[PDB]
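# Fold and geometry: a report
Listed below are the residues making up each chain.
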Amino acid sequence: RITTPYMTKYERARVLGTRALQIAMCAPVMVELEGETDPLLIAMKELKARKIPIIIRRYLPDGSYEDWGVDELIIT
Amino acid sequence: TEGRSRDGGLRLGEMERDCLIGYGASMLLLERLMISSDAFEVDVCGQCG
Amino acid sequence: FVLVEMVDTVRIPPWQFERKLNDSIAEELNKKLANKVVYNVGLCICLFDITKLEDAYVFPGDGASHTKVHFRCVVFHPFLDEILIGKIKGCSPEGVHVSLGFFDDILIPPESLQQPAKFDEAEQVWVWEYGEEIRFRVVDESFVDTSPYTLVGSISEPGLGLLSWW
Amino acid sequence: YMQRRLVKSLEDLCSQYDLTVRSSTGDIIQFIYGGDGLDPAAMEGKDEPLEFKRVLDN
Amino acid sequence: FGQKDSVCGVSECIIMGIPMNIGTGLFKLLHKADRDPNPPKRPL
Amino acid sequence: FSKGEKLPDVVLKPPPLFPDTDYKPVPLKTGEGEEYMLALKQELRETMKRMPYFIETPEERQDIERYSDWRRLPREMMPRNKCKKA
Amino acid sequence: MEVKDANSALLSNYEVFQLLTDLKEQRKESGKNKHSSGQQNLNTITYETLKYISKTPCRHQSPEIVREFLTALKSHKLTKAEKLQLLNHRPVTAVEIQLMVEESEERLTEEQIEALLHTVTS
Amino acid sequence: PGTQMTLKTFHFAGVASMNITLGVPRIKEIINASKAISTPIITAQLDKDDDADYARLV
Amino acid sequence: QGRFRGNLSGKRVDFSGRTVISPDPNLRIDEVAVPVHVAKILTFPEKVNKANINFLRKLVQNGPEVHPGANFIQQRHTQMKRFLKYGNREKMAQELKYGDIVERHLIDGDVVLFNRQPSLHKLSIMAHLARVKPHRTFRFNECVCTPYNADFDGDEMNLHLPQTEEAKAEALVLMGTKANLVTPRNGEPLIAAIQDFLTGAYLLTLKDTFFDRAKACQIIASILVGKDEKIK
DNA sequence: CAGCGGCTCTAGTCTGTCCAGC
DNA sequence: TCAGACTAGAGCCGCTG
RNA sequence: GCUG
Ligand SMILES: [Zn+2]
């Protein structure tokens with residue numbers, strides 16, 4: 001819980017990138033997409049509704065780790 | 001290959017590499033400089049290396 | 001039969017993300033370790049339980065989910081002290097072939113130890129007389145890959161007497 | 001030539017989750033980045049994060 | 001010297017084709033599957 | 001091209017060779033002792049056993065090994081016939 | 001796929017049979033033709049395996065019997081492998097225990113062997 | 001910035017004398033960490049700075 | 001030219017293009033005009049799934065010669081590629097399965113990398129949303145000339161099409177122009193107004209300017225294009 | 001009275017000198 | 001072409017015994 | 001050699 005509450009730009013880019021690849025590979029979409037044919041556009045819509053099934057594991061330099069849910073982290 | 005006559009393609013130099021590091025773009029640097037150039041597989045023996 | 005604790009890195013492809021993991025790993029691990037003898041271990045059959053399933057990574061490539069899975073699977077491995085009951089699915093002149101019922105027709109008994117009326121003379125004579133019992137005697141498995149079977153057994157038949165059938 | 005040399009030397013440094021700057025081998029260069037932990041691209045003032053006179057008027 | 005080289009560094013990651021630790025490589029993602037770890041065991 | 005034919009030779013034969021089993025008569029005495037002590041050094045107390053076999057065996061059971069005139073008189077003489085150093 | 005623990009045997013025939021009977025009837029609930037182009041070796045082993053265990057009349061064999069027979073077995077001093085043989089072999093008559101049964105030498109006594117026939121019959 | 005430094009002149013450290021390297025050769029001198037450089041300059045503050053008669057002694 | 005620098009540190013890449021650049025102020029600052037001749041060549045592998053099956057069918061039907069179209073089709077567990085110039089494409093569209101890969105042409109809204117050849121800082125390479133237009137040059141709004149140090153005097157610039165969904169996201173979120181309005185160095189804006197956008201704004205905002213209702217409306221109505229088309 | 005040793009000094013040598021296109 | 005900061009040498013004198 |  002020591003690590004920053006705000007999601008970093010690097011974290012957002014990877015979460016969207018993995019989610020888009022998962023959606024492009026026929027994963028379930030939780031946003032009821034309306035007229036979207038591009039996986040990256042669908043992934044960004046999921047992040048806005050805070051419904052992405054991914055947990056970010058933040059590894060401290062010593063080797064200890066803390067897991068933050070994508071929904072829990074504040075998105076700027 | 002090297003150029004327009006040979007339908008060569010374009011170079012990601014040592015300076016463009018330095019730009020992409022400063023963005024923290026680890027997967028794009030892997031896509032550009034491995035996957036879309038010279039991706040390969042080797043058999044490695046874990047005993048003798 | 002014996003339990004064998006095993007550890008595997010089981011990859012669930014991302015179109016199975018509806019189903020629960022511990023079921024959808026089990027559907028994969030049955031397709032990984034059924035009818036396959038593991039060298040120095042025995043003939044795996046199916047999945048007993050998944051004793052510990054740890055956290056589902058997702059790697060920079062595939063986009064799939066790779067959970068390292070500790071489990072227990074039941075395997076077939078006679079303990080060198082078992083009197084089994086099989087069926088003669090074949091008779092060769094060097095020795096009889098017994099088969100456990102629809103289990104594996106790969107148990108090949110050598111025959112030198114039963115009562116001194118022993119020969120198989122190629123007209124399918126079982127034994128010159130005085131379900132079929134078997135004593136599994138040695139473990140013997142050969143790793144197949146060699147260049148750019150595999151659990152065979154040797155099976156005995158001592159002076160059991162065999163009161164019901166000769 | 002200068003740019004090649006500087007980048008080769010400094011490419012590794014990364015700001016860590018424990019608010020430290022470490023090399024790849026795990027040695028410390030700085031215990032907190034730049035003394036403040038703050039990002040040069042976010043400075044609304046002359047090397048300072050805010051300008052209070054402007055913010056209160058807004 | 002028989003030196004062994006840690007493939008951890010940025011430049012050798014680009015040479016070997018593995019994703020660099022800095023940036024988006026510093027953390028790992030877990031899938032939030034509906035799973036039950038340490039599930040009920042079959043009694044012997 | 002003069003040698004570009006095959007591996008030089010499977011083996012190179014030296015026209016002169018070893019003399020014999022040299023010192024033939026007397027090493028019958030040492031030669032049996034070569035095999036005598038090796039029969040007794042292996043069957044000695046000063047050896048080790050493969051306890052990794054027994055930790056490998058989960059089949060332990062009963063009835064197997066895995067489960068299971070000096071005619072002399074007293075005297076005492078302690079000589080320092082030897083060195084008085086180190 | 002490294003096997004961490006090579007062995008751990010207490011799986012009596014009934015246990016494995018029962019697991020297989022629940023498994024066979026449970027796999028078909030979700031039986032899939034998508035995975036047919038992939039794997040089908042599992043079906044064959046389970047199917048045929050059920051029959052060999054079925055040979056032993058574990059049909060009508062009960063879960064409680066495992067403890068009930070075991071409670072009698074601990075007094076006899078036979079080893080765990082021996083008892084598994086005793087349950088799995090299910091010696092129908094004295095001759096198998098009298099002769100076929102393991103560790104006949106010394107421990108037979110013509111006393112507990114006779115008692116075992118009453119226990120095995122139970 | 002090294003590509004923006006046109007190797008300008010009109011620089012004399014404020015003393016109409018004492019020419020200095022500046023621009024890219026000065027950055028190059030710093031980051032090389034060479035043990036000797038062109039025109040090394042020590043600035044000495046005088047304690048009794050009141051008048052020129054004390055400066056010319058020291 | 002040695003392996004360390006020539007073949008390892010910097011290497012030639014595919015799905016890349018180069019052309020003369022020329023201005024276009026009617027594009028947004030995050031957009032770049034890509035000519036049809038480059039767009040028909042630079043393909044992106046779109047994986048077939050429930051959201052795009054009916055869209056990719058129409059692209060497969062158009063085929064290689066019409067711009068919203070496709071050059072190759074690849075079956076689920078196969079690695080050879082069917083060149084879609086031959087065969088009957090209306091049959092190959094019907095036999096699309098989930099998990100097939102359609103190598104569609106570059107279309108509007110693709111994330112595309114855009115780069116001047118000498119790079120002194122990170123803003124010399126940025127990601128832009130492609131829009132296809134007929135003329136041969138690459139075109140972008142002149143507010144983005146200052147990061148690239150471009151001057152439209154026969155200048156050439158490079159284009160790279162990231163071939164992976166993960167490479168789109170890292171390009172779009174981290175390297176997008178809207179995320180890079182300020183230089184990392186001193187934190188000052190580099191994408192801003194330039195000549196004829198400063199002079200026109202200066203002369204407009206001088207005190208001597210007065211407009212009647214007809215000329216007020218005709219200057220303001222210029223902004224009513226694109227996403228501002230719906231606003232009052 | 002003689003011998004290490006470091007200093008000190010020649011000078012010797014190998015090592016670089018932007019990105020890319022045609 | 002222009003250093004350039006390494007690597008041995010040749011000493012040197014003077015204490016160091 | 002020239003363009004970038
Ligand atoms: Zn090897």
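As recorded in the entry header, the structure was determined using cryo-EM to a resolution of 3.6 Å.

Donor atoms from the polypeptide that bind the zinc ion are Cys45 of chain B (SG) and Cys48 of chain B (SG), placed at 2.4 Å. A relative accessible area of 40% means that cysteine 45 of chain B is categorised as partly exposed.

Moving on: the protein's contact with DNA strand J. Around DNA strand J, the surrounding shell holds 14 residues, and the nearest of these are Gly3, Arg4 and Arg11 of chain B together with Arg5 and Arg12 of chain I. If you look at DNA strand J and keep only atoms within 4 Å of the protein, 100% of those are sugar or phosphate atoms. Between DNA strand J and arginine 4 of chain B there is a distance of 2.3 Å, counted from a phosphate oxygen to a backbone nitrogen or oxygen. For DNA strand J, a phosphate oxygen lies 3.0 Å from a polar atom in the side chain of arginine 5 of chain I. Within the residue set of the surface near DNA strand J, elements represented by two or more residues are β1 (10-12) and α1 (14-22) of chain B.

Residues and elements named next belong to chain I. Spatially, β4-β7-β5-β6 is the arrangement adopted by the four strands of the open sheet, whose pairing is antiparallel. The open sheet is flanked by β4 (43-47) and β6 (82-83), the only strands paired with a single partner. In the sheet, β4 pairs with strand β7 (residues 101-105) via five bridges, with the strands oriented antiparallel. Its bridge partner being in β7, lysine 47 is matched across the sheet by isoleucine 101.

Here we take up the interface of chain G and chain C. Taken residue by residue, the interface counts 39 residues in chain G and 40 residues in chain C. Carbon and sulfur atoms supply 65% of the area that chain G and chain C bury against each other, a total of about 3,800 Å² over both sides. For the chain G face of the interface with chain C, the top three residues by lost area are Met1, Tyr52 and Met100 of chain G, together amounting to 17%. Counting across the interface, chain G meets chain C through two salt bridges. The partner of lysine 32 of chain G in a salt bridge is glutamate 27 of chain C, and the shortest N-O contact between them spans 3.3 Å. Among the elements of the structure, β1 (3-5), α1 (13-27), α2 (41-55), α4 (80-89) and α5 (94-100) of chain G are those that each provide at least two residues to the side of chain G that touches chain C. Classifying every residue of the side of chain G that touches chain C by side-chain character gives 18 nonpolar, eleven polar and ten charged. Judged from the two bridges that link them, strand β1 (residues 2-12) of chain C and β1 of chain G form a sheet pairing that is antiparallel. Of the residues in β1 of chain G, the one forming a bridge with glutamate 5 of chain C is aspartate 5 of chain G.

Chain E puts eleven residues into the contact, and the matching count from chain B is ten residues. Summing both partners gives a buried area of about 780 Å² for chain E against chain B, and 74% of it is carried by carbon and sulfur. In this assembly, chain E and chain B are joined by zero salt bridges. Put simply, chain E and chain B have one residue pair in polar contact between them. Looking at side-chain class alone, the side of chain E that touches chain B contains six nonpolar, five polar and no charged residues.

Residues and elements named next belong to chain D. Pairing within the open sheet is antiparallel, and its three strands lie in the order β1-β2-β3. This sheet does not close on itself; its edge strands, each paired only once, are β1 (14-15) and β3 (28-30). The pairing of β1 with strand β2 (residues 21-22) spans two bridges and is antiparallel. Bridge assignment links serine 15 to a residue of β2, and that residue is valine 21.

All chains considered together, the criterion is met by 18 aromatic pairs over all chains. Ring geometry for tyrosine 53 of chain F and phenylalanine 54 of chain F: centres 5.5 Å apart, planes at 40°, overall tilted. Ring geometry for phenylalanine 114 of chain I versus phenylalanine 140 of chain I: centroids 5.6 Å apart, planes at 75°, classification edge-to-face. Note that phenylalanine 114 of chain I is positioned in strand β8 (residues 111-116) and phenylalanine 140 of chain I in strand β10 (residues 138-140), a separation of 26 residues in sequence. Across this residue pair, the class does not change: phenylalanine 114 of chain I and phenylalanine 140 of chain I are buried. Counting every residue linked through ring pairs, the aromatic cluster contains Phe114, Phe138, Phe140, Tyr148 and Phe152 of chain I.

Turning to the nonpolar core, a few remarks are in order. All names here are of chain I. The biggest cluster of nonpolar side chains holds 71 residues, and the ones touching the most others in it are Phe114, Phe140 and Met175. Looking at this core, the element that brings in the most residues is helix α6 (residues 165-175), giving six residues. Excluding anything up to four places from it in sequence, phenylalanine 140 contacts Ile21, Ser22, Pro23, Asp24, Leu27, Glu31, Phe114, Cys145, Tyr148, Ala150, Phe152 and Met157.

Conventions and cut-offs
Residues numbered from 1 in each chain as written, not as in the entry; some residues may be left out. Chains lettered and ligands numbered in written order. Part of a larger assembly, values for the part shown. Heavy atoms only, no water. Donors = N, O, S within 2.8 Å, 3.2 Å for Na, K, Ca; no water. Buried < 20%, exposed > 50% of the residue type's maximum accessible area, 1.4 Å probe, protein only. Near = heavy atom within 4 Å. Polar contact = N/O pair within 3.5 Å; in protein donor to acceptor, adjacent residues only side chain to side chain. Helix = DSSP H or I, 4+ residues; strand = E, 2+ residues; numbered from the N terminus. Pairing = 2+ DSSP bridges. Contact = heavy atoms within 4.5 Å. Buried area = accessible area lost by both parts, 1.4 Å probe. Salt bridge = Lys/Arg side-chain N within 4 Å of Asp/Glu carboxyl O. Nonpolar A, V, L, I, M, F, W, Y, C, P; charged D, E, K, R; others polar. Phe/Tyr/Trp six-rings, centres within 6.5 Å; stacked < 30°, edge-to-face > 60°. Core = buried A, V, L, I, M, F, W, Y, C linked by side-chain atoms within 4.5 Å.

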